[PDB]
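Student: Protein chains in written order, with the deposited numbering: chain R, 2 to 149; chain V, 295 to 343; chain U, 2 to 213; chain P, 9 to 206; chain E, 1187 to 1235. Have a look at this one before I ask anything.
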Amino acid sequence: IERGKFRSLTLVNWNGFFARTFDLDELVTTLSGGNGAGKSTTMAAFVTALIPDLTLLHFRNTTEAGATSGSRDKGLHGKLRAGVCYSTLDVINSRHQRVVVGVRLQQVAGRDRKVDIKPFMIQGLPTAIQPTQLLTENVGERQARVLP
Amino acid sequence: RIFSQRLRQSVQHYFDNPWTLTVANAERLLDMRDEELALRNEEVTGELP
Amino acid sequence: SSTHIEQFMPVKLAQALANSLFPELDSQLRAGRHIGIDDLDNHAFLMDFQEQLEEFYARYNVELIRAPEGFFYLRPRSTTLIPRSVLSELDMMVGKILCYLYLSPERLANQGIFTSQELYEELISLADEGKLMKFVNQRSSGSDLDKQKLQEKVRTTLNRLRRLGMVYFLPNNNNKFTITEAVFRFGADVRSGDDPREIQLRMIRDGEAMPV
Amino acid sequence: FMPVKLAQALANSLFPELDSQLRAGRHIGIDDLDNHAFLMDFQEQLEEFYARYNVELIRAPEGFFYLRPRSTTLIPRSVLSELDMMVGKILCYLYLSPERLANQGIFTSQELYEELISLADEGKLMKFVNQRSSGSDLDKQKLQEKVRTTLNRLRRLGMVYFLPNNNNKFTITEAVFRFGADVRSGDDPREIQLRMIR
Amino acid sequence: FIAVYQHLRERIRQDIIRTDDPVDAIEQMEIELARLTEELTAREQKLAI
Ligand SMILES: Nc1ncnc2c1ncn2[C@@H]1O[C@H](COP(=O)(O)OP(=O)(O)OP(=O)(O)O)[C@@H](O)[C@H]1O
Ligand SMILES: [Mg+2]
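Right under this line is the structure:
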C-alpha cells in the first residue's frame, strides 16, 4: 500500500508573508535563515491548520520550553495581519485523491487580542490549480487582492 | 402509626406558623455580555511573488 | 524539616483537595446541592475525608453537616463568608408532600418512579385547595385557567428542587421522576414529638430555618 | 501530592476571602495592598489552582487581576445588561486627563447621569428603559433609578469605589480599562473611546 | 439527662425506626446491620462467579 503524503503548505497575509507556498519533500524539509526570519512562524501556521482548537494552541518561545505558564497571550494573534488570512494544506490520499484542508483566520476588533477560525475542505480540485491563485483575485497590473 | 398524624397535621396547619429552610446560595460569576463579533476587514492587496 | 507539606497543612487534607472530584463537588456544594447515597462517587468521597472537609469549610464560617439519613449539605453561620437564602412557601408545600410520598409504602411498588399528576393529586387531597390557590392569584376561585397556572408553578418549583438535588428526572421522560432521602429536611419541625413552638425556636437558633 | 508553595498559598489566612471575592467576579487592583501583593507573590500557583475549574486567572497589562471563565466553566456564570456596558464605557471615558483638575479623582452621580444622557442616542435609551417610553419625566426617574442600581453592581465588581458616606459620590479605579477600546499606534484615547460609544 | 434524651430524639433516621425511645431504637438499628450483612454476603457471592 502507498502511504499518503503532504504535498505543500500555503500562507496568505501572515506577518511578513503576503502569499507564499512551500513545497514539502517526501522525507525531509529544512528551513534556514537568520534570527527573526520567520521559520517558527511557518511551523505555527502548519500546526494551526492541523488542529484549529483555539483552547489548545499556545506558541511559547523555544526558551521557556516545558514551563506551564498560563501566559496572558497565546502568541498567535501577533503573527497575523489586519484583514483576512488563510492557511491551507494539500494532501495526496492513499487512494490518489487530492484534498485541500485549511482554515480562514481573522483578527477580532476589540481590546482583547482574540482570533476567529473557520475550517473548510475542498475535494476534486483539478491538479492544475494552485492554492495561491485560487485564494486571490488579480486586480490591477499584477497587484492581486485576497478574497473572503 | 407514628408519622401519619405527626406529618399530616403539619401540612394541614402550616399557615398558622409558616417557616422556611436555609440553603447556601453562593454568587454567580458575572461576565461581560458578548457584543456582536466585529472582525477586521481591510481588502488587503499586494504584489504576487 | 522545612519545605514540608506538614508545615502548612495536614497530609490528608491536601490529599483530598488534590483529588479530581473536588472541584465539581465544591462548586455544587456552594450552590446549595444536597448529596445523598445514590451518587456514589461524591458520597464516598465525602465519607472518606469528612473531618478534613469540615475543618476546611470552617474557615468560611460555614458548617458542613451530615443529616442522620446520610446526606451532606452546607449550613452558613450569621457571619458567613458565603451568602445564605431561604425557600418559598410553595417549595415547602411541595417539599413536605414529596416527603410523605417517600414514606408511603402504598406507592413503594412504583420502585420510586412518580408522575407530576400523582404529586399534584396527593397535594390537593391534603392541603386546602381553594385557600392554597390564593398564592397563585389573589382572585382564584377554582377556574381551570387558574388550576393550570397552579400546575405550571408546581412544575417550575419541582424543577428548582431538582437543581437542589432533592429529586431526579428520568433519563428520557420528563413527566416522571425519582425521590431521594434528602427530602427529610422538610420534616425537621416534627421529627420529635414535642411542643411545636419550642422546636421552631430551636431550629431558628441553630440557623436551620427562618420565619416569613 | 501537592506543590509545597501552592499548599502554603492556600493555607494563608487571606485566601478564603479572596476566593470568595474572585468567584464573584471582583477585580483586584493596586488599591488593595495586601490582596494585590498576595496575588503577585503566588500567581504561578493560583493560576494552576483555578485552571482546575476551567476558569482563567488573568493579570491585565494595567496591573489588576481578574478571572475569566471558559465555556466549560465549573463556576456558574452570569452576564451583565446592555445598560451596564453603556455605563462602563462612560466611566472609561471619564478616566480622562482634565479629570484630574476637574474633580481631583472624586465624581458624583450627577456627572455620570448627565454625561450618559448627553452622549448616548435616544433610541438606545428607550430600549434601556422600555420601548413604550417617550421623553417623559417618569421615564427619566426610572432611568436614574436604574443608573444607581447598575452603579452599585459595578461597585460590587470593584470598578468604582463609593466614598464612605450616604451620598452618591465616588472615584474611578484603573480596572475600568476593561471596558476600554483597542489602542493602535498613535491613536488618541478620547477619539477611540468616543468612536465605540457612538 | 433530659437534655441528652432530647438531643438524641431528633437523630432518628426513617419511619420503621420511629420508636421515639432512643434505647429502643438501638436494637432496630442493629437489626438493620444484620440484614445488611446478609445482603452483602449474597452480593459478594454473586460477584465471585
Ligand atoms: N506574536 C508576535 N507578535 C509580534 N511579532 C512577532 C510575533 N511572533 C513573532 N514575531 C516576529 O516575527 C519575526 C519572525 O519570528 P520567528 O520566530 O518566526 O523567526 P525565526 O526565523 O523562526 O527565528 P528564530 O530562529 O530566532 O526563532 C520576528 O521578528 C519575531 O519578532
Ligand atoms: Mg523562530
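Where is the CB? At the ideal position from N, CA and C, for every residue including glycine.
1. Short of 6 Å in beta carbon distance, which residues of its chain neighbour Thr1205/E, apart from the five on each side in sequence? Order them along the chain.
2. For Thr316/V, count neighbouring Cβ atoms within 10 angstroms of its own Cβ and tell me buried if that reaches 16, exposed if not.
3. Just the residues with CB closer than 6 Å to a heavy atom of ligand 1, in chain order, which are they?
4. If distances are taken between C-alpha atoms only, which option among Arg198/U, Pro212/U, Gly194/U comes closest to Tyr1191/E?
5. To the nearest angstrom, how far is the alpha carbon of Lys154/P from that of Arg322/V?
6. Check whether the segment 37 to 46 of chain U touches the segment 21 to 29 of chain U, counting contact only when three or more Cβ pairs, one atom from each stretch, lie closer than 8 Å.
7. Show which residues of chain R have a CB atom less than 8 Å away from the CB atom of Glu55/P.
8. Can you round the beta-carbon distance between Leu54/U and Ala17/U to whole angstroms, since I take them to be within the 8 Å contact cut?
9. Report the three-state DSSP secondary structure of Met167/U (helix, strand or coil).
10. Would a check of beta-carbon distances place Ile66/P closer than 8 Å to chain R?
11. State yes or no: is the beta carbon of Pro11/U nearer than 8 Å to at least one beta carbon in chain P?
12. Is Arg112/R close to chain P? Criterion is C-beta to C-beta, closer than 8 Å.
13. Within the continuous beta strand (DSSP E) that includes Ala129/R, where are the two ends?
14. Below 8 Å between beta carbons: does that hold for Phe185/U and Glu107/U?
15. Please list, in chain order, all residues of the same chain as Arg146/R whose beta carbon is under 7 Å from its beta carbon, the five residues on each side excluded.
16. So what does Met211/U bridge to, in DSSP terms?
17. Measure the CB-CB distance between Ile98/U and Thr179/U and report whether it falls below 8 Å.
18. If the cut is a Cβ gap below 9 Å, which residues of chain V does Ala32/P touch?
19. How far does the alpha helix (DSSP H) with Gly96/U in it extend, from its first residue to its last?
20. Excluding five sequence neighbours on each side, which residues of the same chain lie with their C-beta closer than 6 Å to the C-beta of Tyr101/P?
21. Assuming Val1190/E is part of the alpha helix (DSSP H), what are its boundary residues?
22. Could you tell me which residues DSSP pairs with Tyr74/P in its beta bridges?
23. May I have the straight-line CA-CA distance separating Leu127/P from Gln118/P, to the nearest angstrom?
24. Assuming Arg334/V and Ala110/R make a contact with CB atoms under 8 Å, what is their CB distance in whole Å?
25. Can you give the Cα-Cα distance for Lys150/U and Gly131/P, rounded to whole angstroms?
26. Of the residues that make up the segment 330 to 342 of chain V, which ones have a beta carbon closer than 7 Å to any beta carbon in chain R?
27. Can you give me the C-alpha to C-alpha distance between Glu1224/E and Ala32/U, rounded to a whole angstrom?
28. Name the DSSP bridge partner or partners of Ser28/U?
29. Is it a yes or a no for the segment 86 to 97 of chain P touching the segment 96 to 115 of chain R, going by three-plus beta-carbon pairs under 8 Å?
30. So the beta strand (DSSP E) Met326/V belongs to, where does it begin and stop?
31. Short of 7 Å Cβ to Cβ, which residues in the segment 192 to 205 of chain P face chain R?
32. Flag this pair as touching only if the segment 42 to 50 of chain R and the segment 58 to 78 of chain R have three or more C-beta atom pairs under 8 Å; answer yes or no.
33. In the structure shown, what three-state DSSP assignment does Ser41/R receive?
34. Under 8 Å between beta-carbons, which chain V residues line up against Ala83/R? List them in chain order, please.
35. Does the beta-carbon distance from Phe73/U to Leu65/U come in below 8 Å?
36. Rounded to whole angstroms, what's the CA-CA distance from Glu123/U to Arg156/P? Just pull it up for me.
Tutor: A quick look at the data gives this:
1. Here residue 1205/E is taken as the residue at index 19 of the fifth sequence, counted from 1. If we look at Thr1205/E and ignore the five residues flanking it on each side, its Cβ neighbours are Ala1211.
2. As a working note, residue 316/V is residue 22 in the second sequence. By the 10 Å Cβ count, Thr316/V comes out buried.
3. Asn16/R, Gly34/R, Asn36/R, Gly37/R, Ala38/R, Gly39/R, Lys40/R, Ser41/R, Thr42/R, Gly76/R, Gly79/R, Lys80/R
4. Your numbering for residue 1191/E matches position 5 in the fifth sequence. With distances taken between Cα atoms, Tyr1191/E lies closest to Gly194/U.
5. Locating residue 154/P in the fourth sequence gives position 146, counting from the first residue. Locating residue 322/V in the second sequence gives position 28, counting from the first residue. Near 21 Å, if we compare the C-alpha coordinates of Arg322/V and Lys154/P.
6. yes
7. Here residue 55/P corresponds to residue number 47 of the fourth sequence, with the count starting at 1. What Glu55/P touches in chain R: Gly71.
8. Walking along the third sequence from the start, residue 54/U turns up at place 53. Walking along the third sequence from the start, residue 17/U turns up at place 16. That pair is a contact at about 7 Å.
9. Reading the third sequence from its first residue, position 166 is the one you call residue 167/U. Here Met167/U sits in coil by DSSP.
10. Start at 1 with the first residue of the fourth sequence, and residue 66/P comes out as number 58. With 8 Å as the cut-off, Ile66/P counts as an interface residue toward chain R.
11. Here residue 11/U is taken as the residue at index 10 of the third sequence, counted from 1. Answer no: the Cβ-Cβ gap between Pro11/U and chain P never drops below 8 Å.
12. Stepping through the first sequence from its first residue, residue 112/R is reached at position 111. Answer yes: the Cβ-Cβ gap between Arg112/R and chain P drops below 8 Å somewhere.
13. Here residue 129/R corresponds to residue number 128 of the first sequence, with the count starting at 1. Taken as a continuous stretch (DSSP letters only), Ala129/R belongs to no beta strand (DSSP E), as it is neither H nor E.
14. Numbered from its first residue, the third sequence carries residue 185/U at position 184. Numbered from its first residue, the third sequence carries residue 107/U at position 106. No; because the gap between Cβ atoms is not below 8 Å, this pair is not in contact.
15. Position 145 of the first sequence holds residue 146/R. Taken in chain order, the residues that qualify are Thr137, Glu138, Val140.
16. Taking the first residue of the third sequence as position 1, residue 211/U is located at position 210. DSSP, once it has assigned bridges, lists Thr314/V as partnering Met211/U.
17. As a working note, residue 98/U is residue 97 in the third sequence. As a working note, residue 179/U is residue 178 in the third sequence. Their beta carbons are not under 8 Å apart, which means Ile98/U does not touch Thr179/U by this criterion.
18. On the fourth sequence, residue 32/P is found 24 positions in, with the first residue counted as 1. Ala320, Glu321, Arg322, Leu323, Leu324, listed in chain order.
19. Taking the third sequence and counting its residues from 1, one reaches residue 96/U at position 95. It spans 90 to 104 - the alpha helix (DSSP H) in which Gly96/U sits, taken as one unbroken run.
20. Position 93 of the fourth sequence holds residue 101/P. Once the five neighbours on either side are set aside, the close Cβ partners of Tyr101/P are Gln201.
21. Numbered from 1 along the fifth sequence, position 4 holds the residue referred to as residue 1190/E. Here the alpha helix (DSSP H) through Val1190/E covers 1188 to 1195.
22. Translated into positions along the fourth sequence, residue 74/P becomes position 66. Per DSSP, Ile66/P.
23. Along the fourth sequence, one-based indexing puts residue 127/P at 119. Along the fourth sequence, one-based indexing puts residue 118/P at 110. Taking the straight line joining both Cα atoms gives about 14 Å.
24. Numbered from its first residue, the second sequence carries residue 334/V at position 40. Numbered from its first residue, the first sequence carries residue 110/R at position 109. Confirmed, about 5 Å.
25. Here residue 150/U is taken as the residue at index 149 of the third sequence, counted from 1. Here residue 131/P is taken as the residue at index 123 of the fourth sequence, counted from 1. So the alpha carbons of these two residues sit roughly 36 Å apart.
26. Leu331, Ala332, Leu333, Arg334, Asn335, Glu336, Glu337, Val338, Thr339, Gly340, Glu341, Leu342
27. Looking up residue 1224/E in the fifth sequence gives position 38. Looking up residue 32/U in the third sequence gives position 31. Each residue's Cα considered, the two are about 38 Å apart.
28. As a position in the third sequence, residue 28/U is number 27, starting the count at 1. According to DSSP, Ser28/U bridges with nothing at all.
29. no
30. The residue you call residue 326/V lines up with position 32 of the second sequence. Careful: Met326/V lies outside any beta strand (DSSP E) and carries neither H nor E.
31. none
32. yes
33. For the purposes of this step, residue 41/R is taken as the residue at position 40 of the first sequence. It is helical.
34. Along the first sequence, one-based indexing puts residue 83/R at 82. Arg334, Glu336, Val338, listed in chain order.
35. By one-based count along the third sequence, residue 73/U stands at place 72. By one-based count along the third sequence, residue 65/U stands at place 64. Cβ atoms of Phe73/U and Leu65/U: closer than 8 Å.
36. Against the third sequence, residue 123/U aligns to sequence position 122. Against the fourth sequence, residue 156/P aligns to sequence position 148. Their Cα atoms are separated by approximately 47 Å.
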